[PDB]
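In C-alpha cells, the next block holds one chain alone, the form deposited in one PDB entry.
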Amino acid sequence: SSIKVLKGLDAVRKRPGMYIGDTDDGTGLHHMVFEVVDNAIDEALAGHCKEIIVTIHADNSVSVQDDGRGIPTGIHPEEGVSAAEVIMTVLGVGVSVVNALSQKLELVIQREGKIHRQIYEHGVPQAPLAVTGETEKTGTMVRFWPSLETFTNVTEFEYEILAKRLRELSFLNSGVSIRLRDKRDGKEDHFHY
C-alpha cells in the first residue's frame, strides 16, 4: 500500500499540468485552491457544510476551513492508517493531487468530539493522524504550501482570481457562506447569496 501511494504521488509530480493545469501561468497554482474548495462545496451540496473560510496566509500558503462532517478519522483496514490519510494520499482530481504538489500540507479535522492533525511534505505523512484535543465543532481544514519544484513563474496567489471563483460558487450554491481573507494585506470579502 505504502509503495503504491508513493508511486501515485510520484505520477502526479511527473505530469503535474495534466492533473492540476498549467504550472507556469498561474492556472495550476489557483486550481490547487479550487480543488480544495470544491471538496468543501461537495460537503455543502450533501447538506453538512454552511460556511467555508479561504485564507491566503502571509507566507503564500492557502487554507480552506469548512464546518462539514470532518473527513473520517478511523483506521481504514486495507491500508492500516486513518481514512483521512488514505483520502489525502491515494489518487474533481481529488485532494491527493493538491497534497502531491504541496511542499507542506497541514490537515486539521474536528469530528466525533476530537481535534485531529496531520502534516505532510510532498504528500508524505510526517506521523499518523493524531488527536490534539477535544471539540464540539465539526469540519475540515486543509492548509497547503505549493511546491516550487512544480509551480514556476506565477508563485504568489492573486486575490482577484480566488475572489471571482468564490463569488461564482456562492451564487451557484446559494445558502453557503464563503469568506475570503488575505493575511498579506488585510483584505476580506464575504460571499453569501
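Throughout, we count residues from 1 along the sequence that is shown. Rigid core: the largest C-alpha set superposing within 1.5 Å between the two forms.
Participant: How much of the deposited sequence is absent from the coordinates between residue 83 and residue 84: none, 1 to 3, 4 to 9, or 10 or more residues?
Facilitator: Per the deposited record, the segment joining residue 83 and residue 84 has no missing residues.
Participant: Going by the B-factors listed in the PDB entry, is the mean over the C-alpha atoms higher for 75-83 or for 118-126?
Facilitator: Result: 75-83.
Participant: For the stretches 18-26 and 181-189, which has the higher mean C-alpha B-factor as given in the deposited record?
Facilitator: So the stretch with the higher mean C-alpha B-factor is 18-26.
Participant: Using the entry's values, work out which of 55, 39, 140, 152 has the largest Cα B factor.
Facilitator: Checking the PDB record, the top C-alpha B-factor among 55, 39, 140, 152 is at 152.
Participant: Among the modelled residues of this chain, does the Cα B factor of residue 91 put it in the lowest, middle or highest third?
Facilitator: Tercile = highest for this residue's CA B-factor.
Participant: Thinking about Cα B factors across the chain, which third does residue 168 belong to?
Facilitator: Middle third, going by the recorded CA B-factors of the chain.
Participant: Please place residue 156 in the lowest, middle or highest third of its chain by C-alpha B factor as given in the entry.
Facilitator: Highest third - that is where residue 156 ends up once the chain's C-alpha B-factors are sorted.
Participant: Which third of the chain holds residue 136 when residues are ordered by C-alpha B factor: lowest, middle or highest?
Facilitator: Highest third, going by the recorded CA B-factors of the chain.
Participant: Within this chain, which third does the Cα B-factor at residue 148 fall in: lowest, middle or highest?
Facilitator: For residue 148, the deposited C-alpha B-factor lands in the highest third.
Only in words, not in the display: the form deposited in another entry, which the text now covers.
Participant: Given a rigid core superposition of the two forms, which one of 143, 30, 48, 167 has its CA shift by 2 angstroms or more between the shown form and the other one?
Facilitator: With the rigid core fitted, the residue that moves is 48.
Participant: Once you account for a change of 3 Å or more, let me know if residue 47 and residue 115 sit closer or farther in that other deposited form, using their C-alpha atoms.
Facilitator: Pair moves closer in that other deposited form.
Participant: Knowing the Cα distance between residue 49 and residue 29 changes 3 Å or more in that other deposited form, does it shrink or grow relative to here?
Facilitator: Compared with this form, residue 49 and residue 29 lie farther apart in that other deposited form.
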